[PDB]
Amino acid sequence: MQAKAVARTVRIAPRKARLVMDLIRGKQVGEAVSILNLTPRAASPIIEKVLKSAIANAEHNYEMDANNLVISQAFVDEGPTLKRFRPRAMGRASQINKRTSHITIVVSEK
Amino acid sequence: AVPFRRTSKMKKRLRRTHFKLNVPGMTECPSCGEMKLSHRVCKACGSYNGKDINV
Amino acid sequence: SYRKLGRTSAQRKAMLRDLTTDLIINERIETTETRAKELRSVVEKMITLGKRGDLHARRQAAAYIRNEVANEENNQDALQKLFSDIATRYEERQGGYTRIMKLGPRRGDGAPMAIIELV
Amino acid sequence: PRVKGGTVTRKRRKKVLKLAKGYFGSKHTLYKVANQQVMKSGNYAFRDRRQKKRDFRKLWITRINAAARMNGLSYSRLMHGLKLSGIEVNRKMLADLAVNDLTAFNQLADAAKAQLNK
RNA sequence: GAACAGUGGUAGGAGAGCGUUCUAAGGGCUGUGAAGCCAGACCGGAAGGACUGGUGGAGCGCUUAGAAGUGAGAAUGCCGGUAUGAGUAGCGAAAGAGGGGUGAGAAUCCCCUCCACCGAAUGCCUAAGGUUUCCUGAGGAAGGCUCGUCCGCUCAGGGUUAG
RNA sequence: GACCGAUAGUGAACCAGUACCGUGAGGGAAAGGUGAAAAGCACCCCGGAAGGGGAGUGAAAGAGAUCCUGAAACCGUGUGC
RNA sequence: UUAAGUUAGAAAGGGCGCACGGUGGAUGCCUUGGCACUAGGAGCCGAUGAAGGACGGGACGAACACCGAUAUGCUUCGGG
Ligand SMILES: [K+]
Ligand SMILES: [K+]
Ligand SMILES: [K+]
Ligand SMILES: [K+]
Ligand SMILES: [K+]
Ligand SMILES: [Mg+2]
Ligand SMILES: [Mg+2]
Ligand SMILES: [Mg+2]
Ligand SMILES: [Mg+2]
Ligand SMILES: [Mg+2]
Ligand SMILES: [Mg+2]
Ligand SMILES: [Mg+2]
Ligand SMILES: [Mg+2]
Ligand SMILES: [Mg+2]
Ligand SMILES: [Mg+2]
Ligand SMILES: [Mg+2]
Ligand SMILES: [Mg+2]
Ligand SMILES: [Mg+2]
Ligand SMILES: [Mg+2]
Ligand SMILES: [Mg+2]
Ligand SMILES: [Mg+2]
Ligand SMILES: [Mg+2]
Ligand SMILES: [Mg+2]
Ligand SMILES: [Mg+2]
Ligand SMILES: [Mg+2]
Ligand SMILES: [Mg+2]
Ligand SMILES: [Mg+2]
Ligand SMILES: [Zn+2]
């Protein structure tokens with residue numbers, strides 16, 4: 001049995017979220033929460049909320065036991081990019097990609 | 001100086017071999033049992049070295 | 001050696017004097033860890049003057065302590081507190097009047113924070 | 001009537017990329033480089049279907065020489081003797097005997113020696 | 001059908017074909033699943049063509065002939081998307097520190113204290129110009145080179161008085 | 001109509017001579033498609049919200065508004081060699 | 001046990017294949033709009049104030065469309 005949660009179009013760059021995901025992928029949900037709580041990165045509180053949302057789903061919707069859950073899938077996909085422009089010297093503008101992420105966690109019983 | 005050739009996906013991925021985070025230097029809090037950074041006050045319960053700090 | 005704390009000599013002196021008086025008044029402050037580590041020596045040396053208690057010691061301290069109220073009830077200055085309350089507390093202790101406890105990084109800039117307090 | 005490009009373009013290009021499966025990196029992914037590599041693969045395969053015949057004859061000759069010299073003949077002398085004795089067993093077959101039935105190879109070699117000693 | 005001979009090729013001449021959209025005439029297919037899309041180890045001398053499964057959810061082949069906006073890999077081609085460089089350069093002259101508060105969240109907002117900077121100005125008034133940016137309350141998606149509970153930003157209300 | 005079918009056809013299928021650019025004359029875009037019908041997701045759960053997971057509606061929700069199809073580049077997760 | 005020899009396996013990460021997604025908006029299908037014409041109409045409006053505008057008008061912000069302080073409409077005659 002699996003429970004999934006997704007955060008779609010979160011304003012954080014995918015590369016930056018994936019640094020943190022790599023810490024928790026395959027870990028037990030107890031450990032993963034700890035890691036996220038003590039990892040000082042912008043992505044940590046966002047990924048913590050998805051992870052906790054997945055556990056809640058596992059308990060509420062599917063009567064899984066939160067003590068026996070493991071992160072079975074964890075990935076970040078590119079959301080749509082907000083395109084912005086930074087003015088540079090000599091009247092030139094240069095693009096800025098304010099990238100967004102779709103953050104998925106799947107928990108499952110061990 | 002500009003790149004003479006674009007970097008292949010493979011060379012980009014080899015370069016990122018070491019671009020990673022480490023797991024926190026974490027240990028179980030003897031007071032409350034939550035994980036804490038070793039040698040720091042436990043944020044959860046405010047204990048350090050078997051004494052409450054945030055008193 | 002000693003730390004520069006990202007500040008010019010004068011700025012660094014101003015900040016260490018500020019923090020020193022803050023810790024005398026409050027007896028516990030939170031700051032960056034590297035500030036706490038610099039502040040220990042500076043504060044413990046003020047307590048040494050306070051423990052001396054003589055007028056020369058008080059005026060040396062007056063060159064460093066800020067002119068701030070340490071107690072609104074009694075109208076006690078930071079310098080008066082140093083030379084009365086703090087000095088009396090540490091009559092028998094020989095050095096090590098402060099301790100640093102580490103807290104972890106603050107949001108905002110990841111700066112490792114710490115509590116420094118009088119023992 | 002107007003003819004949009006439509007589907008013919010991607011159908012044609014997809015076929016090239018399918019032939020480029022297993023090529024390295026962009027060569028299995030991007031049409032323009034996959035197409036160059038598939039073309040080049042054609043020239044190579046044509047060339048190599050010819051070379052293959054040269055290469056196997058080279059290999060057989062090497063093995064016949066090794067077996068011949070175990071009977072005290074060089075490849076050159078053996079082939080001379082086999083031609084004089086009228087034996088038309090080819091290099092692919094001689095090399096097969098050399099590996100799989102060396103006693104048979106030695107009979108052919110002994111036949112060759114007979115003609116050379118005349 | 002046999003024999004004999006031949007079949008490298010740029011410019012270029014000649015021939016035979018493949019495929020695309022539309023039309024006409026036959027004939028058909030399709031909600032029991034059209035086109036398109038994805039996949040496959042099938043077929044043809046090539047261009048190319050099927051078959052099976054998946055997606056798709058309403059249209060489409062085939063034959064013969066006709067007509068063309070009829071085939072792209074290159075034009076420092078045009079438009080769009082997305083890479084690479086790269087978690088790199090940068091984040092735009094400047095003094096803050098702590099305590100308290102607010103809050104889901106605080107280096108960055110509010111208050112307090114001391115400290116610091118301008119002071120023929122970095123103060124006060126007022127043109128031109130701008131045009132609601134002003135005040136109050138609420139807000140935090142975007143804007144703000146970070147953050148944000150804040151804001152010249154969002155939403156509501158309000159506000160300019162002449163012999 | 002052996003004319004176009006959203007990069008086409010008008011610059012303009014859409015609040016377009018608009019937005020935007022320029023002191024001005026003037027230049028001048030991008031941007032169509034939920035579903036037969038809103039039946040546009042009551043209620044529960046995590047979350048400040050965004051966003052999700054259920055439950056419902058529907059033929060279909062991987063048709064949920066950034067809503068027919070959904071190629072490629074490009075970005076990921078898993079792993080047979 | 002010693003000596004000499006031989007050969008595995010390994011993956012920080014990577015390559016190929018496969019599976020499954022994301023992004024993006026090609027393709028197909030569709031048409032609200034165009035393009036080219038044919039037949040017929042009509043080929044002028046204005047000091048009795050035009051063309052084109054500005055500002056206004058609704059129970060209800062802005063905008064469009066419509067209207068003009070008689071303002072989201074008035075009268076009358078026909079239609080329905
Ligand atoms: K199909
Ligand atoms: K090109
Ligand atoms: K001056
Ligand atoms: K506010
Ligand atoms: K256009
Ligand atoms: Mg300029
Ligand atoms: Mg100085
Ligand atoms: Mg084309
Ligand atoms: Mg020849
Ligand atoms: Mg068609
Ligand atoms: Mg053409
Ligand atoms: Mg191109
Ligand atoms: Mg770095
Ligand atoms: Mg950095
Ligand atoms: Mg570099
Ligand atoms: Mg550098
Ligand atoms: Mg730098
Ligand atoms: Mg600055
Ligand atoms: Mg204001
Ligand atoms: Mg920001
Ligand atoms: Mg057409
Ligand atoms: Mg389309
Ligand atoms: Mg157009
Ligand atoms: Mg203008
Ligand atoms: Mg689907
Ligand atoms: Mg339909
Ligand atoms: Mg779609
Ligand atoms: Zn604890």
Side-chain angles (χ1 to χ4, degrees), chain A residues 3-11 13-16 18-19 21 25 42 45 49-62 73-82 84 86-88 96-106, chain B residues 1-3 5-20, chain C residues 7-8 10-11 14-19 21-23 25-26 28-32 35 66-69 78 106-109 111 113, chain D residues 1-15 17-18 21-26 28-33 35-36:
Chain A
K4 178 169 70 173
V6 187
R8 276 186 255 254
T9 73
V10 184
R11 251 294 297 150
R15 290 189 71 213
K16 292 173 187 186
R18 288 178 184 138
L19 278 191
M21 273 299 182
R25 183 184 287 113
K49 276 191 174 181
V50 178
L51 174 55
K52 286 180 176 169
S53 189
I55 299 165
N57 297 343
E59 294 194 294
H60 184 259
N61 300 340
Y62 312 118
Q73 295 176 72
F75 52 88
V76 180
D77 294 322
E78 294 175 355
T81 302
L82 286 318
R84 303 287 185 247
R86 179 137 294 286
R88 303 304 296 262
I96 298 291
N97 300 282
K98 299 257 192 87
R99 295 172 179 281
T100 65
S101 293
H102 299 322
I103 298 169
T104 307
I105 285 165
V106 179
Chain B
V2 303
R5 305 296 296 118
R6 62 186 298 145
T7 302
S8 75
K9 303 180 193 182
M10 158 179 181
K11 263 40 189 54
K12 173 179 62 170
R13 290 161 186 168
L14 291 171
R15 194 209 300 126
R16 288 168 187 184
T17 301
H18 298 295
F19 187 71
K20 50 151 68 171
Chain C
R7 279 158 203 257
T8 66
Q11 290 168 6
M15 182 173 76
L16 290 172
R17 287 176 69 177
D18 286 313
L19 287 161
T21 303
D22 297 335
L23 179 58
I25 294 168
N26 302 296
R28 176 188 274 197
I29 63 167
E30 188 181 307
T31 186
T32 70
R35 281 168 198 170
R66 297 298 193 185
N67 308 308
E68 288 186 56
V69 176
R106 66 178 172 192
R107 193 182 114 103
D109 62 4
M113 301 306 289
Chain D
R2 177 165 179 260
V3 188
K4 288 169 99 296
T7 66
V8 298
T9 300
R10 62 141 283 295
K11 191 179 303 195
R12 178 175 54 68
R13 292 185 185 142
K14 273 265 194 212
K15 282 184 184 173
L17 286 164
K18 211 269 191 65
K21 276 201 189 172
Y23 294 182
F24 188 81
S26 296
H28 73 251
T29 302
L30 309 182
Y31 171 64
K32 297 179 192 182
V33 298
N35 185 54
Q36 285 162 47

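Letters go in sequence order (proteins before strands), and every chain restarts at 1. The analysis underlying the following values was restricted to heavy atoms, covering all of them including side chains, and did not include hydrogens, waters or symmetry mates.
- Nucleic acid contact for A:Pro14: none, since no nucleic acid atom lies under 4.0 Å from a heavy atom of the residue.
- At most 12 non-hydrogen atoms from other residues, nucleotides or ligands lie less than 6.0 angstrom from CG of C:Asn67.
- OP1 or OP2 of G:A12 has not a single side-chain nitrogen or oxygen of B:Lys20 nearer than 4.0 Å.
- When Watson-Crick and G-U wobble pairs are counted only if both distances are under 3.5 Å, E:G44 pairs with no nucleotide at all.
- For F:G54, the base has no donor-acceptor partner in the side chain of A:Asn61 [N/O atoms by modelled type, under 3.5 angstrom].
- Evaluation of atom-type donor-acceptor distances gives a pair under 3.5 Å for the side chain of D:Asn35 against the base of E:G73.
- Using a 4.0 Å heavy-atom distance criterion, D:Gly25 is classed as a sugar-phosphate-only contact.
- Using a 4.0 Å cut-off, some side-chain N or O of D:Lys21 falls inside it from OP1 or OP2 of G:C18.
- E:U23 and E:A65 make a Watson-Crick or G-U wobble pair, with both donor-acceptor distances under 3.5 Å.
- Two residues, A:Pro80 and A:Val76, neighbour RNA chain G, and the one matched to the more 5' nucleotide by heavy-atom proximity is A:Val76.
- G:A47 shows a glycosidic angle within 90° of 0 and is accordingly assigned syn.
- Remark: the D:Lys4 side chain and the G:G28 base include no donor-acceptor N/O pair separated by less than 3.5 Å.
- For the atom pair OG1 (C:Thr31) and CG (C:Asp18), the distance works out to 11.0 Å, reported to the nearest 0.5 Å.
- When the side-chain nitrogen and oxygen atoms of D:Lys18 are compared with OP1 and OP2 of E:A41, one or more of them lie within a distance under 4.0 Å.
- For D:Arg2 against F:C4, no side-chain N or O and base N or O form a donor-acceptor pair under 3.5 Å.
- The base of G:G21 is paired with the side chain of A:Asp77 by a donor and an acceptor separated by under 3.5 Å.
- Taking 3.5 Å as the limit, the base of E:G48 and the side chain of D:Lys15 contain a donor-acceptor pair of atoms between them.
- You'll find a donor-acceptor pair under 3.5 Å spanning the side chain of B:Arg6 and the base of E:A83, going by distance alone.
- Judged by the sign of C1'-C2'-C3'-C4', the sugar at F:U66 is south, the angle being negative.
- Regarding contacts with the backbone of F:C44, every side-chain N or O of A:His60 stays at 4.0 angstrom or more from both OP1 and OP2.
- Between C:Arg35 and A:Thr81, the residue whose closest nucleotide on RNA chain E is further toward the 5' end is A:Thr81.
- The structure places NZ of B:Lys12 at 5.5 Å from CZ of B:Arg16, a figure rounded to the nearest 0.5 Å.
- The side chain of A:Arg8 lies closest to F:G51 when the candidates are E:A72, F:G51, F:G76.
- Note on D:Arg10: a side-chain N or O is less than 4.0 Å away from OP1 or OP2 of E:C38.
- Closest-nucleotide positions on RNA chain G for D:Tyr23 and B:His18 were compared, and the one nearer the 5' end corresponds to B:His18.
- The neighbouring residues E:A65 and E:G66 form a stacked base step, their six-membered rings being less than 5.5 angstrom apart at the centres and less than 30 degrees apart in plane orientation.
- Nucleic acid contact class of B:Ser8 (heavy atoms, under 4.0 Å, all strands): none.
- Put simply, the side chain of D:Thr7 and the base of G:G28 share no donor and acceptor less than 3.5 Å apart.
- Between E:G148 and E:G140, the distance separating the two P atoms is 12 Å to the nearest Å.
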